[PDB]
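To begin, one chain is listed below as structure tokens, in the form deposited in one PDB entry.
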């Protein structure tokens, strides 16, 4: 009766929301109950005035982890899309969630910018993307995630297939 959480982490513009939406539609089409936690949409609903300091982002991540823990332990496949840039935060998520599937959409900064110049500009202008020494400074890459997909080399359909294959191998479906 315990379900699982697909935790999609990666820098802004890597393709997290695109993959999250496609996974949601795929698993719903196979008949499963699924819930999508869009990190930015959760922020807008719960605390739209919260800033983007390290301590504020950590509190937001802890809220998302707890929502995903409660949903998944009641049998709901939960898909999370959050930057979650520090390994320590994702290791906290992993210890809180019994069946944790860490998915890393890996994509060079040059491609991330080319795919959405206006969106990245707007987020950086608002202080949502930090870059005291540059854009690529902050994110800490997962060392052994369940899935890595290179979104500059794969289609979204291939990314979905890679995640599903791993879910099958884990026995989660």
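Positions refer to the first chain, counted from 1. Throughout, rigid core stands for the largest set of C-alpha atoms superposing within 1.5 Å between the two forms.
The PDB entry reports B-factors from which the mean C-alpha value can be compared for 25-33 and 51-59; the larger average falls on 51-59. Averaged over Cα atoms, the B-factor as recorded in the entry is higher for 92-100 than for the other of 92-100 and 76-84. Sorting 64, 46, 148, 120 by the CA temperature factor given in the entry leaves 120 at the top. Among all modelled residues in its chain, residue 38 ranks in the lowest third by Cα B-factor.
Per-chain ranking of the deposited C-alpha B factor places residue 159 in the lowest third. Among all modelled residues in its chain, residue 5 ranks in the lowest third by Cα B-factor.
The next section is about a form of this same protein that is not shown, the form solved in complex with a small molecule.
Three-residue candidate spot 120, 129 and 132; every residue lies within 4.5 angstroms of the small molecule in the bound PDB entry by at least one non-hydrogen atom. Interface residue among 83, 77, 97, 101 relative to the small molecule in the bound PDB entry, by the heavy atom within 4.5 Å criterion: 83.
Considering the small molecule in the bound PDB entry, the lone stretch of 65-73, 22-30, 140-148, 51-59 in range is 51-59 [heavy atom distance within 4.5 Å]. Of the residues 138, 128, 146, 35, exactly one exceeds or equals a 2 Å C-alpha shift between this form and the one not shown once the rigid core is aligned, and that residue is 128. Relative to the shown form, the CA atoms of residue 60 and residue 133 are brought 3 Å or more closer together in the bound PDB entry. In the bound PDB entry, the Cα-Cα separation between residue 65 and residue 122 grows by 3 Å or more relative to the displayed conformation.
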